[PDB]
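A.B. asks: So here's coords_12.csv (CSV, C-alpha atoms and all ligand atoms).
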```
chain,number,residue,atom,x,y,z
A,1,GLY,CA,-62.4,-59.6,74.8
A,2,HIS,CA,-60.2,-59.7,71.7
A,3,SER,CA,-60.1,-62.6,69.3
A,4,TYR,CA,-58.0,-62.9,66.1
A,5,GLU,CA,-60.7,-65.0,64.4
A,6,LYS,CA,-63.5,-62.5,65.1
A,7,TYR,CA,-64.2,-58.9,64.1
A,8,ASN,CA,-63.4,-56.7,67.1
A,9,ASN,CA,-64.9,-53.3,67.9
A,10,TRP,CA,-62.7,-50.3,68.3
A,11,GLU,CA,-62.7,-50.4,72.1
A,12,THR,CA,-61.4,-53.9,71.9
A,13,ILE,CA,-58.9,-53.2,69.1
A,14,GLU,CA,-57.7,-50.2,71.1
A,15,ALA,CA,-57.1,-52.2,74.2
A,16,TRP,CA,-55.4,-54.8,72.1
A,17,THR,CA,-52.9,-52.3,70.8
A,18,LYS,CA,-52.0,-51.6,74.4
A,19,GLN,CA,-51.8,-55.2,75.5
A,20,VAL,CA,-50.0,-56.6,72.5
A,21,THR,CA,-47.4,-53.9,72.9
A,22,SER,CA,-47.1,-54.3,76.7
A,23,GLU,CA,-46.6,-58.0,76.2
A,24,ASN,CA,-44.0,-57.6,73.5
A,25,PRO,CA,-41.9,-54.4,74.2
A,26,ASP,CA,-38.9,-56.0,72.5
A,27,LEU,CA,-40.8,-56.3,69.2
A,28,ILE,CA,-43.4,-53.5,69.3
A,29,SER,CA,-43.8,-49.9,70.3
A,30,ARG,CA,-47.0,-47.9,70.1
A,31,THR,CA,-47.4,-44.3,69.2
A,32,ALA,CA,-50.4,-42.1,68.3
A,33,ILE,CA,-49.9,-40.1,65.1
A,34,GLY,CA,-53.0,-38.0,65.4
A,35,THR,CA,-56.7,-37.9,66.3
A,36,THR,CA,-59.8,-38.5,64.1
A,37,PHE,CA,-62.5,-36.0,63.6
A,38,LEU,CA,-64.4,-37.5,66.6
A,39,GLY,CA,-61.4,-37.6,68.8
A,40,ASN,CA,-60.3,-41.2,68.6
A,41,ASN,CA,-56.6,-42.0,68.7
A,42,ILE,CA,-54.9,-43.0,65.5
A,43,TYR,CA,-52.4,-45.7,66.7
A,44,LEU,CA,-49.3,-46.8,64.9
A,45,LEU,CA,-47.5,-50.0,65.8
A,46,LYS,CA,-43.8,-50.2,65.0
A,47,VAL,CA,-43.1,-53.9,64.6
A,48,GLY,CA,-39.5,-55.1,64.5
A,49,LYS,CA,-36.4,-55.6,66.5
A,50,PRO,CA,-35.3,-52.2,67.7
A,51,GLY,CA,-32.0,-50.8,66.2
A,52,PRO,CA,-30.3,-47.8,64.7
A,53,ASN,CA,-31.8,-46.3,61.5
A,54,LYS,CA,-33.5,-49.4,59.9
A,55,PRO,CA,-35.5,-49.2,56.6
A,56,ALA,CA,-39.2,-49.7,56.9
A,57,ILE,CA,-42.4,-50.9,55.2
A,58,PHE,CA,-45.6,-49.0,55.9
A,59,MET,CA,-48.9,-50.9,55.9
A,60,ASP,CA,-52.4,-49.6,56.8
A,61,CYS,CA,-55.8,-51.2,57.2
A,62,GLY,CA,-59.2,-49.8,57.8
A,63,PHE,CA,-59.4,-46.9,55.2
A,64,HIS,CA,-62.9,-47.9,54.5
A,65,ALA,CA,-65.2,-48.6,57.4
A,66,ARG,CA,-67.2,-51.5,56.2
A,67,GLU,CA,-64.2,-53.5,54.9
A,68,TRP,CA,-63.9,-55.4,58.1
A,69,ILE,CA,-61.5,-58.1,56.9
A,70,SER,CA,-59.0,-55.3,56.3
A,71,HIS,CA,-58.9,-54.4,60.0
A,72,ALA,CA,-58.7,-58.1,60.9
A,73,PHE,CA,-55.6,-58.6,58.8
A,74,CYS,CA,-53.4,-55.9,60.4
A,75,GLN,CA,-54.1,-57.5,63.8
A,76,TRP,CA,-53.4,-61.0,62.4
A,77,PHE,CA,-50.2,-59.7,60.9
A,78,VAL,CA,-48.9,-58.4,64.2
A,79,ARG,CA,-49.5,-61.6,66.1
A,80,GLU,CA,-47.8,-63.6,63.3
A,81,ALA,CA,-44.7,-61.3,63.6
A,82,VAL,CA,-44.4,-61.6,67.3
A,83,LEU,CA,-45.2,-65.3,67.7
A,84,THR,CA,-42.8,-66.5,65.0
A,85,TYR,CA,-39.9,-64.1,65.5
A,86,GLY,CA,-36.8,-66.2,66.3
A,87,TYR,CA,-38.4,-69.4,65.0
A,88,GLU,CA,-39.3,-68.8,61.4
A,89,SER,CA,-36.2,-67.8,59.4
A,90,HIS,CA,-37.8,-65.2,57.1
A,91,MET,CA,-39.8,-63.3,59.7
A,92,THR,CA,-36.7,-63.3,62.0
A,93,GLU,CA,-34.5,-61.7,59.3
A,94,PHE,CA,-37.4,-59.3,58.4
A,95,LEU,CA,-37.8,-57.9,61.9
A,96,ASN,CA,-34.0,-57.8,62.4
A,97,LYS,CA,-33.4,-55.8,59.2
A,98,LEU,CA,-36.4,-53.6,59.0
A,99,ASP,CA,-39.5,-52.2,60.7
A,100,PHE,CA,-43.1,-52.6,59.7
A,101,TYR,CA,-45.1,-49.5,60.5
A,102,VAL,CA,-48.6,-51.0,61.0
A,103,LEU,CA,-51.6,-48.7,61.3
A,104,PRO,CA,-54.4,-51.1,62.3
A,105,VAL,CA,-57.3,-48.7,61.7
A,106,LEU,CA,-57.2,-45.4,59.9
A,107,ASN,CA,-60.8,-44.5,59.6
A,108,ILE,CA,-61.8,-45.2,63.2
A,109,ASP,CA,-64.8,-43.0,63.4
A,110,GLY,CA,-66.3,-44.7,60.4
A,111,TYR,CA,-65.5,-48.2,61.7
A,112,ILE,CA,-67.3,-47.3,65.0
A,113,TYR,CA,-70.3,-46.2,63.0
A,114,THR,CA,-70.4,-49.6,61.2
A,115,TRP,CA,-70.7,-51.2,64.6
A,116,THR,CA,-73.2,-48.9,66.1
A,117,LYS,CA,-75.5,-47.6,63.3
A,118,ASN,CA,-74.8,-48.7,59.7
A,119,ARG,CA,-72.7,-51.8,58.7
A,120,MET,CA,-72.3,-50.5,55.2
A,121,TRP,CA,-70.8,-47.1,56.0
A,122,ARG,CA,-67.7,-46.3,54.0
A,123,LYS,CA,-66.5,-42.7,54.5
A,124,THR,CA,-65.2,-40.8,57.5
A,125,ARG,CA,-67.7,-39.2,59.9
A,126,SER,CA,-66.7,-35.5,59.6
A,127,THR,CA,-69.3,-32.8,59.1
A,128,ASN,CA,-69.6,-30.8,55.8
A,129,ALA,CA,-70.4,-27.1,55.6
A,130,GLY,CA,-73.9,-26.3,54.3
A,131,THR,CA,-75.3,-29.8,54.3
A,132,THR,CA,-76.5,-32.5,56.7
A,133,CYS,CA,-74.5,-35.1,54.7
A,134,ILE,CA,-71.6,-36.7,56.5
A,135,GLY,CA,-68.2,-37.9,55.6
A,136,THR,CA,-65.3,-37.9,53.0
A,137,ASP,CA,-63.9,-40.8,51.1
A,138,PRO,CA,-60.3,-41.1,52.5
A,139,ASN,CA,-59.1,-42.9,49.4
A,140,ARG,CA,-60.1,-39.9,47.3
A,141,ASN,CA,-58.6,-37.4,49.7
A,142,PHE,CA,-54.9,-37.6,48.8
A,143,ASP,CA,-52.9,-35.3,46.6
A,144,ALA,CA,-52.7,-37.6,43.6
A,145,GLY,CA,-54.6,-36.1,40.7
A,146,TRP,CA,-56.9,-35.0,43.4
A,147,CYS,CA,-60.6,-35.2,42.4
A,148,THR,CA,-59.9,-35.3,38.7
A,149,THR,CA,-61.5,-38.7,38.1
A,150,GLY,CA,-63.6,-41.4,39.7
A,151,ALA,CA,-64.5,-39.0,42.5
A,152,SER,CA,-67.4,-36.7,43.5
A,153,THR,CA,-67.3,-33.1,44.6
A,154,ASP,CA,-70.7,-33.7,46.4
A,155,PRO,CA,-70.5,-34.3,50.2
A,156,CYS,CA,-73.6,-36.6,50.0
A,157,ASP,CA,-71.8,-39.1,47.7
A,158,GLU,CA,-69.8,-42.2,48.7
A,159,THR,CA,-66.7,-41.0,46.8
A,160,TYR,CA,-66.7,-37.4,48.0
A,161,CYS,CA,-63.1,-36.2,47.6
A,162,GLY,CA,-63.4,-33.6,50.4
A,163,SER,CA,-62.8,-29.8,50.5
A,164,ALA,CA,-59.2,-30.3,49.4
A,165,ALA,CA,-56.4,-32.8,49.4
A,166,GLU,CA,-55.8,-33.9,53.0
A,167,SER,CA,-58.9,-32.1,54.3
A,168,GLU,CA,-59.5,-35.0,56.6
A,169,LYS,CA,-57.6,-35.1,59.9
A,170,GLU,CA,-57.0,-38.8,59.4
A,171,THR,CA,-55.5,-38.5,55.9
A,172,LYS,CA,-53.5,-35.5,56.9
A,173,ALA,CA,-52.1,-37.6,59.9
A,174,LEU,CA,-51.1,-40.5,57.6
A,175,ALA,CA,-49.5,-38.2,55.0
A,176,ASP,CA,-47.7,-36.2,57.6
A,177,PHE,CA,-46.2,-39.4,59.1
A,178,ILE,CA,-45.1,-40.8,55.7
A,179,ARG,CA,-43.6,-37.4,54.7
A,180,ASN,CA,-41.7,-37.3,58.1
A,181,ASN,CA,-40.3,-40.7,57.5
A,182,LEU,CA,-39.8,-40.8,53.8
A,183,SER,CA,-36.1,-41.6,53.8
A,184,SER,CA,-36.8,-44.9,55.6
A,185,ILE,CA,-40.0,-46.1,54.0
A,186,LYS,CA,-39.2,-48.4,51.1
A,187,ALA,CA,-42.7,-49.8,50.4
A,188,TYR,CA,-46.3,-48.8,51.0
A,189,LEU,CA,-49.1,-51.3,51.4
A,190,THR,CA,-52.8,-50.5,51.9
A,191,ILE,CA,-55.4,-53.2,52.7
A,192,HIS,CA,-59.0,-53.1,51.4
A,193,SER,CA,-61.7,-55.6,50.5
A,194,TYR,CA,-63.2,-57.1,48.5
A,195,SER,CA,-62.3,-58.4,45.0
A,196,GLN,CA,-59.2,-60.5,45.4
A,197,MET,CA,-56.7,-58.2,43.6
A,198,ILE,CA,-53.2,-56.7,44.0
A,199,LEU,CA,-53.2,-53.2,42.5
A,200,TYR,CA,-50.3,-50.8,41.8
A,201,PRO,CA,-50.2,-47.3,40.3
A,202,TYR,CA,-51.6,-45.5,38.6
A,203,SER,CA,-55.3,-45.2,39.4
A,204,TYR,CA,-55.8,-41.5,38.7
A,205,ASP,CA,-54.5,-41.8,35.2
A,206,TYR,CA,-54.0,-44.5,32.5
A,207,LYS,CA,-50.3,-43.7,32.4
A,208,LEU,CA,-48.0,-46.5,33.6
A,209,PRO,CA,-45.4,-46.2,36.4
A,210,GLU,CA,-41.7,-46.0,35.4
A,211,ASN,CA,-41.0,-49.4,37.0
A,212,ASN,CA,-44.3,-50.9,35.7
A,213,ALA,CA,-42.5,-54.1,34.5
A,214,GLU,CA,-41.0,-54.7,37.9
A,215,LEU,CA,-44.3,-54.0,39.8
A,216,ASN,CA,-46.2,-56.3,37.5
A,217,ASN,CA,-43.6,-59.1,38.0
A,218,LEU,CA,-43.8,-58.5,41.7
A,219,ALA,CA,-47.6,-58.6,41.8
A,220,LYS,CA,-47.7,-61.7,39.7
A,221,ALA,CA,-45.3,-63.5,41.9
A,222,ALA,CA,-47.1,-62.4,45.1
A,223,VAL,CA,-50.5,-63.7,43.8
A,224,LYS,CA,-49.0,-67.0,42.8
A,225,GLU,CA,-47.6,-67.4,46.3
A,226,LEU,CA,-50.9,-66.5,47.8
A,227,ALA,CA,-52.7,-69.2,45.8
A,228,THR,CA,-50.3,-71.9,47.0
A,229,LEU,CA,-52.0,-72.1,50.4
A,230,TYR,CA,-55.7,-72.6,49.6
A,231,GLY,CA,-56.0,-72.0,45.9
A,232,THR,CA,-57.5,-68.5,46.2
A,233,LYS,CA,-57.1,-66.7,42.9
A,234,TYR,CA,-56.2,-63.0,42.7
A,235,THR,CA,-55.9,-60.8,39.7
A,236,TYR,CA,-53.4,-57.9,39.5
A,237,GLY,CA,-52.4,-54.8,37.5
A,238,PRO,CA,-52.5,-51.0,37.5
A,239,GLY,CA,-55.4,-49.6,39.3
A,240,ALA,CA,-57.0,-47.7,36.4
A,241,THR,CA,-57.5,-50.8,34.2
A,242,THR,CA,-57.6,-53.5,36.8
A,243,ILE,CA,-60.6,-52.1,38.5
A,244,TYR,CA,-61.4,-48.5,37.5
A,245,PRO,CA,-59.9,-45.0,37.5
A,246,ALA,CA,-60.0,-43.4,40.9
A,247,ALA,CA,-58.1,-40.2,41.7
A,248,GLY,CA,-56.8,-39.3,45.2
A,249,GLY,CA,-55.7,-42.7,46.3
A,250,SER,CA,-53.1,-43.2,49.0
A,251,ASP,CA,-51.1,-45.7,47.0
A,252,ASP,CA,-50.7,-43.4,44.0
A,253,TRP,CA,-49.8,-40.6,46.4
A,254,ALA,CA,-47.2,-42.7,48.2
A,255,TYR,CA,-45.7,-43.8,44.9
A,256,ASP,CA,-45.3,-40.2,43.6
A,257,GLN,CA,-43.5,-39.4,46.9
A,258,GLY,CA,-40.8,-41.8,45.7
A,259,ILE,CA,-41.9,-45.0,47.4
A,260,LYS,CA,-41.2,-47.3,44.5
A,261,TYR,CA,-43.1,-50.3,45.8
A,262,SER,CA,-46.7,-49.3,46.4
A,263,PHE,CA,-49.7,-51.7,46.4
A,264,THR,CA,-53.4,-51.9,47.2
A,265,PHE,CA,-54.6,-55.3,48.3
A,266,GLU,CA,-58.3,-56.2,47.8
A,267,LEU,CA,-58.9,-59.3,50.0
A,268,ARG,CA,-61.7,-61.9,49.8
A,269,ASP,CA,-64.1,-62.4,48.4
A,270,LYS,CA,-65.4,-61.9,44.9
A,271,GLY,CA,-68.9,-60.8,45.9
A,272,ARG,CA,-70.7,-63.8,47.4
A,273,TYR,CA,-70.5,-62.2,50.8
A,274,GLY,CA,-68.8,-59.0,49.8
A,275,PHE,CA,-68.0,-56.7,52.7
A,276,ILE,CA,-69.9,-59.0,55.0
A,277,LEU,CA,-67.3,-61.8,54.9
A,278,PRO,CA,-68.0,-64.4,57.6
A,279,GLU,CA,-65.7,-64.7,60.5
A,280,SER,CA,-65.2,-68.3,59.5
A,281,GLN,CA,-63.0,-67.0,56.7
A,282,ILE,CA,-60.8,-64.6,58.7
A,283,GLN,CA,-58.2,-67.2,59.4
A,284,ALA,CA,-57.8,-68.5,55.8
A,285,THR,CA,-58.0,-65.0,54.3
A,286,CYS,CA,-55.3,-63.6,56.6
A,287,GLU,CA,-53.1,-66.7,56.2
A,288,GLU,CA,-52.8,-66.6,52.5
A,289,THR,CA,-52.5,-62.8,52.5
A,290,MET,CA,-49.5,-63.1,54.9
A,291,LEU,CA,-47.8,-65.2,52.2
A,292,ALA,CA,-48.1,-62.4,49.7
A,293,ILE,CA,-47.0,-59.7,52.2
A,294,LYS,CA,-43.9,-61.7,53.2
A,295,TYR,CA,-43.1,-62.4,49.6
A,296,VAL,CA,-43.2,-58.7,48.8
A,297,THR,CA,-41.1,-58.0,52.0
A,298,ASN,CA,-38.5,-60.6,51.0
A,299,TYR,CA,-38.3,-58.9,47.6
A,300,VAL,CA,-38.0,-55.4,48.9
A,301,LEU,CA,-35.3,-56.3,51.3
A,302,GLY,CA,-33.2,-57.8,48.5
A,303,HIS,CA,-33.6,-54.7,46.5
A,304,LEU,CA,-32.8,-52.0,49.0
B,401,LIG,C1,-65.2,-53.7,46.6
B,401,LIG,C2,-63.9,-52.8,46.5
B,401,LIG,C3,-63.4,-52.8,45.1
B,401,LIG,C4,-64.2,-51.3,47.0
B,401,LIG,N1,-65.1,-50.6,46.1
B,401,LIG,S1,-66.6,-50.2,46.4
B,401,LIG,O1,-66.8,-50.0,47.8
B,401,LIG,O2,-67.5,-51.3,46.0
B,401,LIG,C5,-67.1,-48.7,45.5
B,401,LIG,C6,-68.3,-48.6,44.9
B,401,LIG,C7,-68.7,-47.4,44.3
B,401,LIG,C8,-67.8,-46.3,44.2
B,401,LIG,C9,-66.5,-46.5,44.8
B,401,LIG,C10,-66.1,-47.7,45.4
B,401,LIG,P1,-62.7,-50.3,47.3
B,401,LIG,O3,-61.8,-51.1,48.2
B,401,LIG,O4,-63.2,-49.0,47.8
B,401,LIG,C11,-61.8,-49.9,45.8
B,401,LIG,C12,-60.8,-48.7,46.0
B,401,LIG,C13,-61.5,-47.3,46.2
B,401,LIG,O5,-62.6,-47.2,45.6
B,401,LIG,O6,-61.0,-46.5,47.0
B,401,LIG,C14,-59.9,-48.5,44.8
B,401,LIG,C15,-60.4,-48.4,43.5
B,401,LIG,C16,-59.5,-48.1,42.4
B,401,LIG,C17,-58.1,-48.0,42.6
B,401,LIG,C18,-57.6,-48.1,43.9
B,401,LIG,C19,-56.1,-48.0,44.1
B,401,LIG,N2,-55.8,-46.6,44.6
B,401,LIG,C20,-58.5,-48.4,45.0
B,402,ZN,ZN,-61.8,-49.9,50.1
```
Mind converting the file's structure to structure tokens?

C.D. replies:
Amino acid sequence: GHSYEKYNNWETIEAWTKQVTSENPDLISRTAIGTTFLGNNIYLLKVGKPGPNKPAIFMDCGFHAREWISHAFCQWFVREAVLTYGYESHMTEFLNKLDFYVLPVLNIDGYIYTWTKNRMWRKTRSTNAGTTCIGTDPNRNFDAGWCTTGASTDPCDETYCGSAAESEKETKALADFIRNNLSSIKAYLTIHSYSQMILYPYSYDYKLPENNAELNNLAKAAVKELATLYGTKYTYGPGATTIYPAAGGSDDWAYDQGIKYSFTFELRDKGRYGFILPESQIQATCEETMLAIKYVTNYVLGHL
């Protein structure tokens, strides 16, 4: 069965998306936005109090298969939203005024592979012509300085950028959805681990975003709020200098679409456990991360 303080396999997460929706139809609707290479359904949960128009914030988890705390956070976020609506002032206004588009797992095929074969798998599980090597790095597969830096053109490498921008069914599905709903999406948030960072554009170039000062002030405030809960220290800044240059990322691509608030989160930890974060830290990690997400949400709403 499903637990919010354990890592859940896809079969369980899938059944969870159905159950949590069935149990909260006045706050959640579920749609599929596409299929993965291996035929799994890419679910999207629209969280919020239904109403005409409504702006939105898009958040995805599970870009990279082995980053299990990411998948855990999207689920945690959804429960928080539904349980506290009507009782906590901020979440109530949030869900009244806007929708969160939550995509609990993008790279489902890879996630399954980490459960069944190799816990440290990263990429998708699509085949590549002319080689036995499997998979593309989804966060090198977007049309943002595609494959110009921090990427590989070799299918056998962990940062393979693919045959072309959006060559992967999953990345195409996400890009198609965001393009189809551009007018309403005001912020883009993508969840990864590990390193304890909040990153903003650009990662494919050392150039700074037009609203760099605002984004830095936002990231700084968000990390301060996150630390209030358990003292967890994050760093923040543009992708290229805060971690390293990496072209083709979803956050850079979302920003260049005109989504002015675009962030990558790198959750716990700093490398003691790395990708293999113990389930005993799921609760604390998700709790402090909620604070930063809600802070960003509060800000974005005030600057519509
Ligand atoms: C521990 C994390 C820092 C992950 N890095 S990693 O798995 O150790 C790694 C190791 C070797 C090559 C590429 C990535 P990540 O979440 O996978 C970092 C991510 C990416 O590589 O896609 C990243 C890096 C630079 C900029 C961004 C923002 N678009 C995002
Ligand atoms: Zn990642």

A.B. asks: Throw together the list of residues within 9 Å of ligand ZN 402 (chain B), counting only C-alpha atoms and all ligand atoms, and drop it here as a PyMOL selection string.

C.D. replies: chain A and resi 62-67+70+122+139+191-194+266

A.B. asks: Given the selection you just returned, output its residues as a file containing C-alpha atoms, formatted as a tab-separated table (two decimals), keeping the file's coordinate frame.

C.D. replies:
```tsv
chain	number	residue	atom	x	y	z
A	62	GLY	CA	-59.20	-49.80	57.80
A	63	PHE	CA	-59.40	-46.90	55.20
A	64	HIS	CA	-62.90	-47.90	54.50
A	65	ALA	CA	-65.20	-48.60	57.40
A	66	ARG	CA	-67.20	-51.50	56.20
A	67	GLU	CA	-64.20	-53.50	54.90
A	70	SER	CA	-59.00	-55.30	56.30
A	122	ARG	CA	-67.70	-46.30	54.00
A	139	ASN	CA	-59.10	-42.90	49.40
A	191	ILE	CA	-55.40	-53.20	52.70
A	192	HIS	CA	-59.00	-53.10	51.40
A	193	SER	CA	-61.70	-55.60	50.50
A	194	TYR	CA	-63.20	-57.10	48.50
A	266	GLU	CA	-58.30	-56.20	47.80
```

A.B. asks: Between A:268, A:179, A:49, A:303, which one has atoms that come closest to ligand LIG 401 (chain B), using only C-alpha atoms and all ligand atoms?

C.D. replies: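 Between A:268, A:179, A:49, A:303, the residue approaching ligand LIG 401 (chain B) most closely is A:268.
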
A.B. asks: Set out as CSV a contact list for chain A and ligand LIG 401 (chain B) with a cut-off of 9 Å, giving each residue of chain A that qualifies its closest atom pair and distance in Å to one decimal, counting only C-alpha atoms and all ligand atoms, ordered by chain and rising residue number.

C.D. replies:
```
residue,atom,partner,partner_atom,distance
A:63,CA,B:LIG401,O6,8.4
A:64,CA,B:LIG401,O4,6.8
A:66,CA,B:LIG401,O1,8.5
A:67,CA,B:LIG401,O3,7.5
A:122,CA,B:LIG401,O1,7.3
A:137,CA,B:LIG401,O6,7.6
A:138,CA,B:LIG401,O6,7.7
A:139,CA,B:LIG401,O6,4.7
A:140,CA,B:LIG401,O6,6.7
A:150,CA,B:LIG401,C9,7.8
A:151,CA,B:LIG401,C9,8.1
A:157,CA,B:LIG401,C8,8.9
A:158,CA,B:LIG401,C8,6.4
A:159,CA,B:LIG401,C9,5.9
A:190,CA,B:LIG401,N2,8.8
A:191,CA,B:LIG401,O3,8.1
A:192,CA,B:LIG401,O3,4.7
A:193,CA,B:LIG401,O3,5.1
A:194,CA,B:LIG401,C1,4.4
A:195,CA,B:LIG401,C3,5.7
A:196,CA,B:LIG401,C3,8.8
A:197,CA,B:LIG401,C3,8.7
A:199,CA,B:LIG401,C19,6.2
A:200,CA,B:LIG401,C19,6.8
A:201,CA,B:LIG401,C19,7.1
A:202,CA,B:LIG401,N2,7.4
A:203,CA,B:LIG401,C17,5.1
A:204,CA,B:LIG401,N2,7.8
A:238,CA,B:LIG401,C19,8.1
A:239,CA,B:LIG401,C17,4.6
A:240,CA,B:LIG401,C17,6.3
A:241,CA,B:LIG401,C16,8.9
A:242,CA,B:LIG401,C16,8.0
A:243,CA,B:LIG401,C16,5.7
A:244,CA,B:LIG401,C16,5.3
A:245,CA,B:LIG401,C16,5.8
A:246,CA,B:LIG401,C16,5.0
A:247,CA,B:LIG401,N2,7.4
A:248,CA,B:LIG401,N2,7.4
A:249,CA,B:LIG401,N2,4.3
A:250,CA,B:LIG401,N2,6.2
A:251,CA,B:LIG401,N2,5.4
A:252,CA,B:LIG401,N2,6.1
A:253,CA,B:LIG401,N2,8.7
A:263,CA,B:LIG401,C19,7.7
A:264,CA,B:LIG401,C19,5.7
A:265,CA,B:LIG401,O3,8.3
A:266,CA,B:LIG401,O3,6.2
A:267,CA,B:LIG401,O3,8.9
A:269,CA,B:LIG401,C1,9.0
A:270,CA,B:LIG401,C1,8.4
A:271,CA,B:LIG401,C1,8.0
A:274,CA,B:LIG401,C1,7.2
A:275,CA,B:LIG401,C1,7.4
```

A.B. asks: As an exercise, work out the distance from CA of residue 223 (chain A) to CA of residue 300 (chain A) in Å and give it to one decimal place.

C.D. replies: 15.8 Å

A.B. asks: What's around residue 221 (chain A) at 9 Å? Count all atoms listed in the file, leave out sequence neighbours fewer than 3 positions away in its own chain, and write the answer as a JSON list (two decimals) with C-alpha atoms, in the frame of the given file.

C.D. replies:
```
[["chain", "number", "residue", "atom", "x", "y", "z"],
["A", 216, "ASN", "CA", -46.20, -56.30, 37.50],
["A", 217, "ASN", "CA", -43.60, -59.10, 38.00],
["A", 218, "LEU", "CA", -43.80, -58.50, 41.70],
["A", 224, "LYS", "CA", -49.00, -67.00, 42.80],
["A", 225, "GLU", "CA", -47.60, -67.40, 46.30],
["A", 226, "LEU", "CA", -50.90, -66.50, 47.80],
["A", 292, "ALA", "CA", -48.10, -62.40, 49.70],
["A", 295, "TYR", "CA", -43.10, -62.40, 49.60],
["A", 296, "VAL", "CA", -43.20, -58.70, 48.80]]
```

A.B. asks: May I have the residues within 12 Å of residue 16 (chain A) as a VMD selection string, using only C-alpha atoms and disregarding those fewer than 2 positions away in the same chain?

C.D. replies: chain A and resid 1 to 4 8 to 14 18 to 24 30 43 45 74 to 76 78 to 79 104

A.B. asks: If I take CA of residue 210 (chain A) and CA of residue 164 (chain A), how far is one from the other in Å, to one decimal?

C.D. replies: 27.4 Å

A.B. asks: Can you work out the spacing between CA of residue 117 (chain A) and CA of residue 135 (chain A) in Å, to one decimal?

C.D. replies: 14.4 Å

A.B. asks: Identify, on the basis of only C-alpha atoms, every residue whose closest approach to residue 57 (chain A) does not exceed 12 Å; exclude the query and any residue fewer than 6 positions from it along the same chain; express the result as number ranges by chain.

C.D. replies: A: 45-48, 94-95, 97-103, 178, 181-190, 254, 259-263, 293-294, 296-301, 304
